[PDB]
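To start, the structure itself, in structure tokens.
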There are 2 protein chains.
Amino acid sequence: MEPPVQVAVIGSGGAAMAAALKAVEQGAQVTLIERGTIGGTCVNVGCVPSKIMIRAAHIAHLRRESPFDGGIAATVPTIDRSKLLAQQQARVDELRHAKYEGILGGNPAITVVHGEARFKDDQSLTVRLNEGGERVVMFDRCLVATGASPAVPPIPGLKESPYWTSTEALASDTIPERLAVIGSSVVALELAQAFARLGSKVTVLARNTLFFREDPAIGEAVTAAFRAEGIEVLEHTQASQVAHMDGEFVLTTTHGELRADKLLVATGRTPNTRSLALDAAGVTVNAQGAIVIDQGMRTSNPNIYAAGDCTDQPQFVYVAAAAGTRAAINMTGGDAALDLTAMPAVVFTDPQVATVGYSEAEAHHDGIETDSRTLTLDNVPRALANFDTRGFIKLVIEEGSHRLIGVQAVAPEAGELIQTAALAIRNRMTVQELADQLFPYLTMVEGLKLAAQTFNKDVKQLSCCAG
Amino acid sequence: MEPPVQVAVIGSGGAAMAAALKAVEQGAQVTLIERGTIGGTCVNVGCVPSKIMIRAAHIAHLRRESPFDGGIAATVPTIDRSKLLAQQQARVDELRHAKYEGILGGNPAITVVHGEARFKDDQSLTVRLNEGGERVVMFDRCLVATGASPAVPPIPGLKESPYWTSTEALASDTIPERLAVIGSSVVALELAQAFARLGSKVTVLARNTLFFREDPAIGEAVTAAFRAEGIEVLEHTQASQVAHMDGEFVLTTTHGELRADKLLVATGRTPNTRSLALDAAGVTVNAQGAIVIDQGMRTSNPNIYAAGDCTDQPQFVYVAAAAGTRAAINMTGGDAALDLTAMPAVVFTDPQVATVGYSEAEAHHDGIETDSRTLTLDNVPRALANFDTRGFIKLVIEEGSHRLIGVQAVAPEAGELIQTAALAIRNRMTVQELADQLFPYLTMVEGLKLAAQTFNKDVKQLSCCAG
Ligand SMILES: Cc1cc2nc3c(=O)[nH]c(=O)nc-3n(C[C@H](O)[C@H](O)[C@H](O)COP(=O)(O)OP(=O)(O)OC[C@H]3O[C@@H](n4cnc5c(N)ncnc54)[C@H](O)[C@@H]3O)c2cc1C
Ligand SMILES: Cc1cc2nc3c(=O)[nH]c(=O)nc-3n(C[C@H](O)[C@H](O)[C@H](O)COP(=O)(O)OP(=O)(O)OC[C@H]3O[C@@H](n4cnc5c(N)ncnc54)[C@H](O)[C@@H]3O)c2cc1C
């Protein structure tokens with residue numbers, strides 16, 4: 001008789017969870033090692049708490065102002081952050097148990113180890129247990145899903161100051177009167193707007209422009225939206241010195257001296273691979289410290305796989321989870337590959353930013369001839385009925401075939417409409433085909449149809465005679 | 001040389017507008033006859049003003065209460081309906097000019113006639129001009145796009161009372177202290193909730209249950225939502241007598257006497273065909289007075305077509321417009337057909353109701369073997385982060401092929417997510433295929449993926465290990 005394959009999984013986030021359970025489903029015995037709180041980033045200090053805080057911020061914002069204030073009185077709502085934090089944390093704790101702890105526990109095929117793991121060789125790990133001492137974990141196959149951590153730049157004086165990373169910001173029980181934010185990452189912007197809406201006077205220090213690595217139209221729309229609601233966005237600005245004196249932060253910048261009660265550093269994230277002793281297992285990493293893998297999540301060592309934020313993969317929990325599931329399949333004798341061709345991405349600012357497929361620049365870089373159309377939101381019925389036309393919907397197609405290969409949008413509910421675009425791309429639809437489909441009038445997603453029609457029709461024909 | 005085809009179009013709503021412009025594009029000369037305001041129903045007294053009022057109502061509602069009131073103070077906002085009405089009307093007037101008047105005017109190929117048309121024979125119309133007198137309009141082909149009007153039941157005393165139809169309700173400059181609503185139609189419910197949120201004490205008299213003709217789960221969720229915010233829903237209730245005494249309505253019902261300041265009658269709509277003298281042109285209508293047509297919008301008379309609410313077609317402006325465009329193609333020698341297989345439908349209540357494709361009952365009626373899954377919103381991350389789990393997402397598939405053939409949902413933003421379902425159905429995707437696609441975490445549309453996964457996975461595996 002054959003013994004169950006011994007699978008070791010380092011981490012307990014989205015990638016590790018998906019892998020652990022898939023491995024067990026495929027008949028393997030799993031030993032999962034986690035050094036901190038079970039659940040990793042998303043449920044504890046990532047997606048979940050941040051989206052909850054953003055929703056609370058949205059309510060506070062709408063109680064403060066709206067496009068209908070001429071007929072509906074508005075007020076400055078009193079905010080009790082302690083109560084909001086308690087509500088937020090209760091849901092986080094509830095989900096951690098329901099989707100992580102409760103599933104890992106009570107399963108004789110899964111052994112959870114509380115400690116920090118490192119490779120001993122390519123078939124075993126050495127674990128420094130949280131309760132002291134060590135333990136060796138032998139394995140046939142191992143999945144590294146250690147995620148990433150907030151990056152902290154070597155700005156003089158920052159290291160020893162009481163600054164915040166996204167974790168401390170989300171866990172704060174008070175809304176600071178003044179919040180300075182260093183960075184222009186998605187995390188930086190989502191938190192910047194949430195705190196602003198909850199009461200903070202926010203100043204964002206962007207080294208370049210917002211969404212510098214994305215299509216330029218995106219950063220322009222978001223920057224204008226932030227400024228419109230009192231958020232200061234200092235472009236091409238960096239702090240050369242950080243100091244904390246007399247109970248406040250003092251930042252020396254290229255724009256002058258800036259003072260704030262709290263400082264959020266959200267420049268980016270780095271892979272958690274330095275404590276893994278990857279060299280002992282022959283696992284190669286790139287210049288950024290990320291573990292190199294192929295579409296099957298296989299590393300340079302045939303018996304070791306990697307998935308999630310500790311690799312070069314896009315940093316989204318749904319990508320990490322999909323990768324973990326497929327890595328487990330391959331660790332158990334299968335043959336699976338991760339396809340990210342129609343991977344959507346959403347930024348939970350207001351308006352939201354959403355993208356899928358190729359941007360014009362990205363297509364060109366890959367030698368693809370394209371054409372595009374950019375429809376401003378003042379052409380979308382839903383936006384007009386809401387009296388909020390900030391934003392746009394951009395479609396990118398391949399020349400000749402007219403196949404839709406990319407969509408970028410800045411608009412309320414962009415995250416919802418982007419999935420229609422994702423399916424259109426997945427099914428290799430042309431813009432003509434998308435435009436000929438029936439869409440509900442007065443929905444934001446109708447904007448996709450309207451934009452598609454502009455490839456063969458005039459903007460003046462939309463919502464009238466563009467069929 | 002050949003002369004331009006003479007096309008007559010009766011009406012100026014979505015169907016007529018799309019047809020008129022398509023006909024001209026195809027080389028025809030158009031004579032469009034309209035007895036009332038240009039633009040018809042949607043822009044003037046339908047979709048546009050109603051969605052604007054609903055958005056205003058949403059803001060008022062959120063300023064009054066939210067799932068985050070434990071940490072964000074709320075207040076009863078003062079409402080100035082005169083100001084809201086002015087804003088609403090200005091957008092309506094703006095859109096009427098931009099998408100209707102400005103496009104019809106200044107075009108030598110289009111002649112707009114202000115009057116009421118009726119058939120003289122199958123090649124001409126007699127028009128009673130609004131300014132007096134008549135005119136004959138000869139045509140080679142004619143499109144009837146006369147729409148429908150609010151139905152008014154023969155309830156004793158109703159006829160002579162100062163009741164409202166959706167038109168008077170949308171045009172009211174005051175929010176009534178008490179509003180009674182007779183009917184359970186989409187129009188009745190959308191307006192009922194809007195007025196309630198803007199300040200009225202609303203009572204809905206439904207002859208049966210809400211969404212009686214739809215899947216039962218829909219009516220149950222909507223009824224619970226209405227009651228949750230103070231809207232009284234009297235099921236299986238009809239008014240046997242209407243009276244207006246001492247400045248108020250007095251309704252005798254099976255539930256007892258009900259008094260209200262205003263009365264909205266929104267039971268349904270009837271086709272505008274009684275004044276057309278259709279018999280003079282040999283155009284057949286059904287028992288409801290609707291004009292009978294085929295998929296090419298052709299009537300019993302080869303030279304006359306019909307599209308929109310005056311036919312048996314679904315009453316949506318996007319359906320009317322699509323039909324008008326295709327009718328114009330056929331009137332000008334083409335061969336087009338309207339495909340409604342993936343037609344989405346949205347109800348702008350909160351939560352919204354959205355459907356596409358077959359419901360279980362509808363599939364069975366057509367001899368299709370099916371299976372389904374109903375995912376309650378407390379299983380959708382976005383709903384949980386919003387602390388509002390009222391609703392559900394239901395998927396209907398064909399047995400054997402596992403092809404998705406229908407989706408019904410009750411949830412915030414259901415109108416946005418339903419389009420993803422529409423494209424999935426259009427592309428004949430199976431639930432497994434839909435479930436294997438990447439969806440953004442914490443978006444309502446992710447609910448489609450989660451529901452799809454329940455066809456092969458347990459609800460406890462969702463957002464964890466259902467891959
Ligand atoms: C503020 C914020 C907001 C975000 N918003 C979104 C969003 O809206 N949508 C989205 O899809 N993604 C979002 N993300 C990103 C998403 O959270 C991550 O991509 C995802 O959680 C990564 O999952 P993972 O399994 O790769 O890693 P992780 O969940 O980060 O976990 C790795 C785990 O391994 C442990 N570990 C590390 N080294 C060792 C070791 N040597 N031994 C034992 N255990 C070790 C860690 O302690 C941790 O528990 C957000 C992130 C943040 C920080
Ligand atoms: C309150 C309300 C809310 C709605 N919400 C939505 C929604 O959210 N989404 C959606 O898609 N649909 C919605 N609808 C329905 C949508 O408005 C209609 O289906 C659509 O407007 C019908 O277009 P049509 O061109 O067929 O007719 P219409 O736009 O109704 O116009 C027919 C025109 O012909 C004229 N006419 C009639 N008889 C004659 C004659 N003998 N001679 C000359 N002119 C004549 C009329 O006066 C009118 O201008 C709503 C309707 C109402 C009333």
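Starting from 1 in every chain, residues are counted up; chains themselves are A, B, ... following the order of the structure tokens, and ligands are numbered from 1 as listed.
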
Using only C-alpha atoms and all ligand atoms, which protein or nucleic acid residues are at most 7 Å from ligand 2, as a ChimeraX atom specification?
/A:440-442 /B:10-16,33-42,45-47,50-51,115-118,145-148,166-167,187,272-273,275-276,307-310,315-318,320-321,346-348

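The shell of residues at most 12 Å from residue 2 (chain B), with only C-alpha atoms counted and near chain neighbours (fewer than 3 positions) removed, consists of residues 5, 6, 27 and 28 of chain B.
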
Export of prior selection with N, CA and C atoms as a short mmCIF file (atom, residue, chain, number, x, y, z; two decimals), in the first residue's frame:
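Saved the output as part16.cif:
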```
data_model
loop_
_atom_site.label_atom_id
_atom_site.label_comp_id
_atom_site.auth_asym_id
_atom_site.auth_seq_id
_atom_site.Cartn_x
_atom_site.Cartn_y
_atom_site.Cartn_z
N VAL B 5 -37.00 55.99 -49.85
CA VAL B 5 -38.17 55.33 -49.30
C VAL B 5 -38.82 56.28 -48.30
N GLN B 6 -40.14 56.40 -48.36
CA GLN B 6 -40.87 57.27 -47.45
C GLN B 6 -41.27 56.46 -46.22
N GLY B 27 -30.84 55.63 -45.83
CA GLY B 27 -31.31 56.35 -47.00
C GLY B 27 -32.78 56.69 -47.14
N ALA B 28 -33.56 56.50 -46.09
CA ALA B 28 -34.99 56.82 -46.17
C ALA B 28 -35.30 58.24 -45.69
#
```

Counting only C-alpha atoms, figure out which residue out of A:235, A:229, A:248, A:69 gets nearest to chain B.
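That would be A:69, the residue with the smallest distance to chain B.
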
Would you list, as a compact mmCIF listing (two decimals) with N, CA and C atoms, in the first residue's frame, the residues of region 101-271 of chain A that end up in strand (DSSP E or B) under DSSP run on this structure's backbone?
```
# COMPACT_ATOMS: atom_id res chain seq x y z
N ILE A 110 -4.61 17.41 8.94
CA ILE A 110 -3.91 18.70 9.00
C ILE A 110 -3.34 18.98 10.39
N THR A 111 -2.05 19.28 10.44
CA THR A 111 -1.39 19.61 11.70
C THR A 111 -0.90 21.05 11.59
N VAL A 112 -1.43 21.93 12.44
CA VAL A 112 -1.00 23.32 12.44
C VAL A 112 0.11 23.47 13.47
N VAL A 113 1.20 24.11 13.06
CA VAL A 113 2.34 24.34 13.93
C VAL A 113 2.55 25.84 14.09
N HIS A 114 2.57 26.31 15.34
CA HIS A 114 2.77 27.72 15.61
C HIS A 114 4.25 28.02 15.81
N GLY A 115 4.89 28.50 14.75
CA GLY A 115 6.30 28.82 14.81
C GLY A 115 6.79 29.36 13.49
N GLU A 116 8.07 29.70 13.43
CA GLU A 116 8.67 30.24 12.21
C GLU A 116 9.52 29.17 11.53
N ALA A 117 9.21 28.87 10.28
CA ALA A 117 9.93 27.84 9.54
C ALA A 117 11.04 28.36 8.63
N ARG A 118 12.03 27.50 8.41
CA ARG A 118 13.14 27.79 7.51
C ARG A 118 13.57 26.45 6.95
N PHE A 119 14.16 26.44 5.76
CA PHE A 119 14.58 25.17 5.19
C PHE A 119 15.85 24.63 5.81
N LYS A 120 15.88 23.32 6.00
CA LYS A 120 17.04 22.63 6.56
C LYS A 120 17.76 22.05 5.34
N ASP A 121 16.97 21.54 4.40
CA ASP A 121 17.44 20.98 3.14
C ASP A 121 16.22 20.95 2.22
N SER A 124 13.15 18.97 4.12
CA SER A 124 12.78 19.21 5.52
C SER A 124 12.91 20.67 5.95
N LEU A 125 12.18 21.02 7.00
CA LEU A 125 12.19 22.37 7.55
C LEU A 125 12.55 22.32 9.02
N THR A 126 13.11 23.42 9.52
CA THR A 126 13.43 23.53 10.94
C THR A 126 12.48 24.62 11.41
N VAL A 127 11.70 24.34 12.44
CA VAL A 127 10.75 25.32 12.95
C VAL A 127 11.07 25.82 14.35
N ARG A 128 11.18 27.14 14.49
CA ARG A 128 11.42 27.75 15.79
C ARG A 128 10.01 27.95 16.34
N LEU A 129 9.63 27.13 17.31
CA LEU A 129 8.29 27.19 17.89
C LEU A 129 8.04 28.43 18.72
N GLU A 134 12.48 23.82 19.16
CA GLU A 134 12.30 23.63 17.73
C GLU A 134 11.71 22.28 17.40
N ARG A 135 11.39 22.10 16.12
CA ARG A 135 10.84 20.86 15.63
C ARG A 135 11.22 20.76 14.16
N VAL A 136 11.44 19.54 13.69
CA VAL A 136 11.78 19.33 12.29
C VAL A 136 10.54 18.82 11.58
N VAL A 137 10.30 19.34 10.38
CA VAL A 137 9.16 18.92 9.59
C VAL A 137 9.67 18.32 8.29
N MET A 138 9.54 17.01 8.16
CA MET A 138 9.97 16.33 6.95
C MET A 138 8.82 16.40 5.96
N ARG A 141 6.75 17.20 -0.45
CA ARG A 141 6.55 18.43 -1.22
C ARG A 141 6.26 19.56 -0.24
N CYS A 142 6.72 20.76 -0.56
CA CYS A 142 6.48 21.92 0.30
C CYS A 142 6.03 23.12 -0.51
N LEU A 143 5.08 23.87 0.04
CA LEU A 143 4.60 25.08 -0.61
C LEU A 143 4.98 26.26 0.26
N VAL A 144 5.69 27.22 -0.32
CA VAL A 144 6.06 28.42 0.43
C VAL A 144 5.02 29.48 0.09
N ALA A 148 4.04 38.92 2.06
CA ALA A 148 4.92 40.08 2.08
C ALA A 148 4.66 40.97 3.29
N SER A 149 5.49 42.00 3.46
CA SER A 149 5.35 42.94 4.57
C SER A 149 5.52 44.37 4.06
N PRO A 150 5.02 45.36 4.83
CA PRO A 150 5.15 46.76 4.42
C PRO A 150 6.61 47.16 4.26
N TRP A 164 3.22 54.70 11.26
CA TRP A 164 2.26 53.63 11.02
C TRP A 164 2.49 52.95 9.68
N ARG A 178 -4.52 65.33 11.93
CA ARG A 178 -3.71 65.49 10.72
C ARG A 178 -2.99 64.18 10.42
N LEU A 179 -3.12 63.69 9.19
CA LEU A 179 -2.46 62.46 8.78
C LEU A 179 -1.61 62.70 7.53
N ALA A 180 -0.33 62.38 7.63
CA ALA A 180 0.57 62.52 6.49
C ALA A 180 0.75 61.11 5.96
N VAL A 181 0.74 60.97 4.64
CA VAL A 181 0.89 59.65 4.03
C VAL A 181 2.03 59.67 3.03
N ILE A 182 3.01 58.79 3.24
CA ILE A 182 4.14 58.68 2.33
C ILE A 182 3.88 57.47 1.45
N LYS A 201 -7.29 65.53 8.35
CA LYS A 201 -6.84 66.46 7.33
C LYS A 201 -5.67 65.65 6.76
N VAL A 202 -5.84 65.15 5.54
CA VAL A 202 -4.84 64.29 4.93
C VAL A 202 -3.97 64.91 3.84
N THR A 203 -2.68 64.62 3.91
CA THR A 203 -1.71 65.10 2.93
C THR A 203 -0.95 63.89 2.42
N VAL A 204 -1.00 63.66 1.11
CA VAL A 204 -0.30 62.53 0.50
C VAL A 204 0.97 63.01 -0.20
N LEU A 205 2.10 62.38 0.13
CA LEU A 205 3.38 62.73 -0.48
C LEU A 205 3.68 61.65 -1.52
N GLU A 232 -5.04 66.78 0.27
CA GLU A 232 -3.92 67.42 -0.39
C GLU A 232 -3.02 66.35 -1.00
N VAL A 233 -2.75 66.47 -2.29
CA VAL A 233 -1.90 65.51 -2.98
C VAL A 233 -0.66 66.25 -3.47
N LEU A 234 0.46 66.01 -2.81
CA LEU A 234 1.71 66.65 -3.18
C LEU A 234 2.47 65.74 -4.14
N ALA A 239 9.97 63.19 1.35
CA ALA A 239 10.42 63.69 2.64
C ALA A 239 11.87 63.28 2.78
N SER A 240 12.74 64.24 3.07
CA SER A 240 14.17 63.96 3.22
C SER A 240 14.54 63.71 4.68
N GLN A 241 13.67 64.11 5.59
CA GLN A 241 13.92 63.93 7.01
C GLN A 241 12.61 63.77 7.77
N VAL A 242 12.62 62.88 8.75
CA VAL A 242 11.46 62.66 9.59
C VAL A 242 11.91 62.91 11.02
N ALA A 243 11.09 63.61 11.78
CA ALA A 243 11.38 63.88 13.18
C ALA A 243 10.06 63.83 13.92
N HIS A 244 10.12 63.51 15.21
CA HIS A 244 8.91 63.46 16.02
C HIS A 244 9.27 64.23 17.28
N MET A 245 8.79 65.47 17.35
CA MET A 245 9.09 66.34 18.48
C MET A 245 7.82 67.02 19.00
N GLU A 248 4.35 65.48 17.81
CA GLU A 248 3.90 65.49 16.43
C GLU A 248 5.03 65.19 15.45
N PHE A 249 4.66 64.74 14.26
CA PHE A 249 5.65 64.45 13.22
C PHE A 249 6.01 65.73 12.50
N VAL A 250 7.29 65.89 12.19
CA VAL A 250 7.77 67.05 11.45
C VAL A 250 8.53 66.47 10.26
N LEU A 251 8.01 66.70 9.06
CA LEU A 251 8.64 66.19 7.86
C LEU A 251 9.27 67.30 7.03
N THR A 252 10.53 67.10 6.66
CA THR A 252 11.23 68.07 5.82
C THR A 252 11.01 67.54 4.41
N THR A 253 10.39 68.34 3.55
CA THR A 253 10.12 67.89 2.19
C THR A 253 10.54 68.92 1.15
N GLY A 256 8.35 71.89 1.43
CA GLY A 256 8.38 72.66 2.66
C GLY A 256 8.16 71.76 3.86
N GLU A 257 8.14 72.35 5.05
CA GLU A 257 7.95 71.56 6.27
C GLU A 257 6.49 71.19 6.47
N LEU A 258 6.24 69.91 6.75
CA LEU A 258 4.89 69.42 6.98
C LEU A 258 4.77 68.79 8.36
N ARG A 259 3.70 69.13 9.08
CA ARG A 259 3.48 68.59 10.41
C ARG A 259 2.20 67.76 10.43
N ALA A 260 2.21 66.69 11.21
CA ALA A 260 1.05 65.82 11.30
C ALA A 260 1.05 65.05 12.62
N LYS A 262 -0.10 61.86 12.89
CA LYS A 262 0.25 60.48 12.57
C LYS A 262 0.85 60.43 11.17
N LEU A 263 1.69 59.43 10.95
CA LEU A 263 2.37 59.25 9.67
C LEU A 263 2.20 57.84 9.14
N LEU A 264 1.56 57.71 7.98
CA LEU A 264 1.36 56.40 7.36
C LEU A 264 2.36 56.20 6.24
N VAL A 265 3.17 55.15 6.37
CA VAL A 265 4.17 54.80 5.36
C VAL A 265 3.59 53.64 4.55
N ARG A 269 5.35 46.83 -0.73
CA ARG A 269 5.52 45.67 0.13
C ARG A 269 6.68 44.82 -0.37
N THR A 270 7.32 44.10 0.54
CA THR A 270 8.46 43.25 0.20
C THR A 270 8.17 41.81 0.59
N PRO A 271 8.62 40.84 -0.22
CA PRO A 271 8.40 39.41 0.06
C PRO A 271 9.08 38.91 1.33
```

Interatomic distance between CA of residue 329 (chain A) and CA of residue 19 (chain A)?
8.2 Å

Select from region 246-389 of chain A everything DSSP, run on the backbone, classes as alpha helix (DSSP H), then give the selection as a PDB file with N, CA and C atoms, in the first residue's frame.
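Written out: selection31.pdb:
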```
ATOM      1  N   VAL A 317      -5.590  38.703  -3.104  1.00  0.00           N
ATOM      2  CA  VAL A 317      -5.890  37.462  -2.407  1.00  0.00           C
ATOM      3  C   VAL A 317      -6.514  36.413  -3.323  1.00  0.00           C
ATOM      4  N   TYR A 318      -7.261  36.839  -4.341  1.00  0.00           N
ATOM      5  CA  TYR A 318      -7.863  35.864  -5.242  1.00  0.00           C
ATOM      6  C   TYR A 318      -6.818  35.238  -6.159  1.00  0.00           C
ATOM      7  N   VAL A 319      -5.705  35.939  -6.372  1.00  0.00           N
ATOM      8  CA  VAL A 319      -4.624  35.391  -7.190  1.00  0.00           C
ATOM      9  C   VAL A 319      -3.841  34.412  -6.314  1.00  0.00           C
ATOM     10  N   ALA A 320      -3.571  34.822  -5.079  1.00  0.00           N
ATOM     11  CA  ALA A 320      -2.848  33.973  -4.139  1.00  0.00           C
ATOM     12  C   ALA A 320      -3.600  32.663  -3.922  1.00  0.00           C
ATOM     13  N   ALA A 321      -4.913  32.754  -3.734  1.00  0.00           N
ATOM     14  CA  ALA A 321      -5.726  31.562  -3.512  1.00  0.00           C
ATOM     15  C   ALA A 321      -5.748  30.643  -4.736  1.00  0.00           C
ATOM     16  N   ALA A 322      -5.906  31.223  -5.921  1.00  0.00           N
ATOM     17  CA  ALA A 322      -5.935  30.439  -7.154  1.00  0.00           C
ATOM     18  C   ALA A 322      -4.601  29.729  -7.364  1.00  0.00           C
ATOM     19  N   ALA A 323      -3.514  30.413  -7.025  1.00  0.00           N
ATOM     20  CA  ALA A 323      -2.174  29.854  -7.169  1.00  0.00           C
ATOM     21  C   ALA A 323      -1.957  28.712  -6.186  1.00  0.00           C
ATOM     22  N   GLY A 324      -2.428  28.902  -4.955  1.00  0.00           N
ATOM     23  CA  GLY A 324      -2.279  27.876  -3.942  1.00  0.00           C
ATOM     24  C   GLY A 324      -3.017  26.605  -4.309  1.00  0.00           C
ATOM     25  N   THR A 325      -4.228  26.756  -4.835  1.00  0.00           N
ATOM     26  CA  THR A 325      -5.033  25.609  -5.229  1.00  0.00           C
ATOM     27  C   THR A 325      -4.317  24.802  -6.302  1.00  0.00           C
ATOM     28  N   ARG A 326      -3.794  25.503  -7.299  1.00  0.00           N
ATOM     29  CA  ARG A 326      -3.101  24.854  -8.403  1.00  0.00           C
ATOM     30  C   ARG A 326      -1.750  24.277  -7.997  1.00  0.00           C
ATOM     31  N   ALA A 327      -1.084  24.903  -7.030  1.00  0.00           N
ATOM     32  CA  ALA A 327       0.196  24.389  -6.564  1.00  0.00           C
ATOM     33  C   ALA A 327      -0.065  23.051  -5.874  1.00  0.00           C
ATOM     34  N   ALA A 328      -1.156  22.986  -5.117  1.00  0.00           N
ATOM     35  CA  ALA A 328      -1.522  21.767  -4.401  1.00  0.00           C
ATOM     36  C   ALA A 328      -1.800  20.641  -5.390  1.00  0.00           C
ATOM     37  N   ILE A 329      -2.435  20.987  -6.503  1.00  0.00           N
ATOM     38  CA  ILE A 329      -2.740  20.007  -7.536  1.00  0.00           C
ATOM     39  C   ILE A 329      -1.437  19.435  -8.082  1.00  0.00           C
ATOM     40  N   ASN A 330      -0.470  20.304  -8.349  1.00  0.00           N
ATOM     41  CA  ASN A 330       0.808  19.853  -8.884  1.00  0.00           C
ATOM     42  C   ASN A 330       1.659  19.107  -7.861  1.00  0.00           C
ATOM     43  N   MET A 331       1.522  19.463  -6.588  1.00  0.00           N
ATOM     44  CA  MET A 331       2.277  18.794  -5.535  1.00  0.00           C
ATOM     45  C   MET A 331       1.739  17.381  -5.326  1.00  0.00           C
ATOM     46  N   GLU A 360      -3.119  50.450 -23.201  1.00  0.00           N
ATOM     47  CA  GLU A 360      -2.526  50.700 -24.515  1.00  0.00           C
ATOM     48  C   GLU A 360      -1.022  50.456 -24.488  1.00  0.00           C
ATOM     49  N   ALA A 361      -0.348  51.068 -23.521  1.00  0.00           N
ATOM     50  CA  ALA A 361       1.100  50.934 -23.384  1.00  0.00           C
ATOM     51  C   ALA A 361       1.551  49.484 -23.246  1.00  0.00           C
ATOM     52  N   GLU A 362       0.851  48.723 -22.412  1.00  0.00           N
ATOM     53  CA  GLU A 362       1.190  47.321 -22.193  1.00  0.00           C
ATOM     54  C   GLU A 362       1.061  46.491 -23.468  1.00  0.00           C
ATOM     55  N   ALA A 363       0.039  46.780 -24.268  1.00  0.00           N
ATOM     56  CA  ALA A 363      -0.179  46.055 -25.514  1.00  0.00           C
ATOM     57  C   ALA A 363       0.956  46.358 -26.483  1.00  0.00           C
ATOM     58  N   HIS A 364       1.273  47.640 -26.624  1.00  0.00           N
ATOM     59  CA  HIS A 364       2.345  48.084 -27.509  1.00  0.00           C
ATOM     60  C   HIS A 364       3.649  47.393 -27.138  1.00  0.00           C
ATOM     61  N   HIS A 365       3.933  47.345 -25.840  1.00  0.00           N
ATOM     62  CA  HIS A 365       5.147  46.718 -25.336  1.00  0.00           C
ATOM     63  C   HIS A 365       5.238  45.256 -25.760  1.00  0.00           C
ATOM     64  N   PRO A 381     -25.583  57.479 -18.672  1.00  0.00           N
ATOM     65  CA  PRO A 381     -26.857  57.818 -18.031  1.00  0.00           C
ATOM     66  C   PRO A 381     -26.865  57.705 -16.506  1.00  0.00           C
ATOM     67  N   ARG A 382     -26.346  56.598 -15.981  1.00  0.00           N
ATOM     68  CA  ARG A 382     -26.301  56.384 -14.535  1.00  0.00           C
ATOM     69  C   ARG A 382     -25.554  57.512 -13.827  1.00  0.00           C
ATOM     70  N   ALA A 383     -24.408  57.903 -14.377  1.00  0.00           N
ATOM     71  CA  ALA A 383     -23.604  58.966 -13.779  1.00  0.00           C
ATOM     72  C   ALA A 383     -24.365  60.285 -13.801  1.00  0.00           C
ATOM     73  N   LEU A 384     -25.073  60.533 -14.896  1.00  0.00           N
ATOM     74  CA  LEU A 384     -25.849  61.757 -15.034  1.00  0.00           C
ATOM     75  C   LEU A 384     -27.020  61.779 -14.053  1.00  0.00           C
ATOM     76  N   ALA A 385     -27.653  60.629 -13.832  1.00  0.00           N
ATOM     77  CA  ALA A 385     -28.779  60.565 -12.901  1.00  0.00           C
ATOM     78  C   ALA A 385     -28.294  60.729 -11.461  1.00  0.00           C
TER      79      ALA A 385
END
```

When you count only C-alpha atoms and all ligand atoms, which of these residues is closest to ligand 1: A:416, A:335, A:168, A:446?
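Once distances to ligand 1 are computed over only C-alpha atoms and all ligand atoms, the minimum belongs to A:168.
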
Need the shell around region 405-411 of chain A: protein/DNA/RNA residues with any atom at most 10 Å away, counting only C-alpha atoms. Skip same-chain ones fewer than 6 positions apart. Format as a PyMOL selection string?
chain A and resi 214-215+217-219+221-222+341-342+344-347+349-360+362-363+370+372-377+383+388-398+417-418+421-422+424-426+428-431+444+447-448

Compare A:267, A:254, A:26, A:209 by their minimum atom-to-atom distance to ligand 1, counting only C-alpha atoms and all ligand atoms, and give me the closest one.
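Result for the nearest residue to ligand 1: A:267.
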
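Each of B:278, B:57, B:175, B:9 was compared to residue 261 (chain B) using only C-alpha atoms, and B:175 turns out to be the nearest.
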
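CA of residue 268 (chain B) to CA of residue 53 (chain B) spans 20.1 Å [interatomic distance, one decimal].
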
To one decimal place in Å, what is the distance between CA of residue 296 (chain A) and CA of residue 338 (chain A)?
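Answer for the CA of residue 296 (chain A) to CA of residue 338 (chain A) separation: 6.6 Å.
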
Residues at most 12 Å from residue 294 (chain B), counting only C-alpha atoms, excluding those fewer than 2 positions away in the same chain, as an MDAnalysis selection string?
chainID B and resid 284 291:292 296:302 304:307 311:313 323 326:327 330 336:339
